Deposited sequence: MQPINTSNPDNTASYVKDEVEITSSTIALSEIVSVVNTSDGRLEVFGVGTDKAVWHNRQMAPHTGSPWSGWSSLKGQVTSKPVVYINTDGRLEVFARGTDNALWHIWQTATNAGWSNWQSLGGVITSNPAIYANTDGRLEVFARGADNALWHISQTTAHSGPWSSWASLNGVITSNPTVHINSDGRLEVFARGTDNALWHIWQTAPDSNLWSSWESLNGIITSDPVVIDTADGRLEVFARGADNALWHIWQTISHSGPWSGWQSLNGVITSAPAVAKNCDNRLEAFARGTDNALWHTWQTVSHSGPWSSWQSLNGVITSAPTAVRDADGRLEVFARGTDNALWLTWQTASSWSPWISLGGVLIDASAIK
């Protein structure tokens, strides 16, 4: 090789054969990827390989229900583009355009029927969407709008009853959301406010007990969170603070035993984290340091050994990596590369 907290720089997944794969953007705007050779913590890596393209968003990878990776990104023409594996253990298609004009990073989820659906802000600052017409395959539907006015990158998750739900910051800086009223459908609720004042993109995750929980940096630069109180249903909890003082977007992942763990850059530019103790219903720890000097938000994922691995850009613009050990965490190692923050919203 109008603002939000500093973004995550890579998109990462644990793939169908248990290997982590990371996607980023280089200075000449191509998408690059790196993957583990073996399905274990501390595996050697491929090194960075270019998938070409010319992107103007964060590239976002998603796993189709047949196991094939597909990467979505905004192009220089502001259309949504994508590229996909022709088989789970094979090569890639060419980059192809799905048209439209978009103004955020794309957000992707599979419906219960296997059709990917993609969400992205439009030129009008509404949330637009487009979907595969058949499971894990093109061709795609026409674009349409779910309205609203949003000021952050959107994030989508699936409820435990199969209904997609999308979250995004509004013009009043509150967290807003909208949901499918039935799985696989084009029937959506109205937008509703969950209030709060947020200063990062929201992060959403499903708990062990089937509730959506959303994390975001607050107006005080603490990490805050809010959750569904009943599985796949409102009412939501109040916003609750997890404290800390964070200088990037947060990242969240589940441990082996479903205990949630949040990561973010701190005031000293080190990686910090806080986790649930005891169980997935337990109280959160104090914030503790994992060291490093990072120039992006962290990106967290659980590997095939059930350990968390965290990636973040370094002062040299390489991607660095630390992971959980029995005792502690490993020292930061470099995966090299030269990565940029290509986020469509900053």
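Against the full deposited sequence, the model leaves out just one stretch, namely 2 to 24.
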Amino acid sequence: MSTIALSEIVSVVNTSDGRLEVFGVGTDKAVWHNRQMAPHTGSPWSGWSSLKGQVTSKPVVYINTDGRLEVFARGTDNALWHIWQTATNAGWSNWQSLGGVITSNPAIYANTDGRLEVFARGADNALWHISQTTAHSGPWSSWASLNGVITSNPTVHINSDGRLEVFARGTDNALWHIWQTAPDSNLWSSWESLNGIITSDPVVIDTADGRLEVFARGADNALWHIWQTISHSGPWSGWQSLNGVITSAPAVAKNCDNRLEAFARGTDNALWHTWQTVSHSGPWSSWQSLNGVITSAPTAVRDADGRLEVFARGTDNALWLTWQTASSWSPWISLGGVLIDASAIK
From here on, numbers count along this sequence of modelled residues.
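We call the rigid core whatever largest set of C-alpha positions still superposes within 1.5 Å between the two forms.
Fitting each structure in 8 other deposited structures of this protein onto the rigid core and averaging C-alpha distances over structures and residues, 86 to 94 emerges as the more displaced of 86 to 94 and 125 to 133. Across the other compared structures of the same protein with both neighbouring residues present, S7 carries coordinates in every case, with no third of them leaving it out. Comparing the deposited coordinates for 116 to 124 and 84 to 92, the stretch with the larger average C-alpha B-factor is 84 to 92.
Between 305 to 313 and 286 to 294, the higher mean Cα B-factor belongs to 286 to 294.
Per the PDB entry, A219 shows the highest C-alpha temperature factor of the residues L212, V166, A208, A219.
Each of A135, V71, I108, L187 has a CA temperature factor in the record; the biggest one is found at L187.
Among all modelled residues in this chain, the alpha-carbon of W224 has a temperature factor (C-alpha) in the middle third.
When all modelled residues of the chain are sorted by CA temperature factor, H232 is found within the highest third. Ranked by C-alpha B-factor against the other modelled residues of its chain, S16 falls in the lowest third. In the deposited entry, the Cα temperature factor of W239 sits in the top third of values across the chain's modelled residues.
The deposited CA B-factor of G196 belongs to the highest third of values across its chain.
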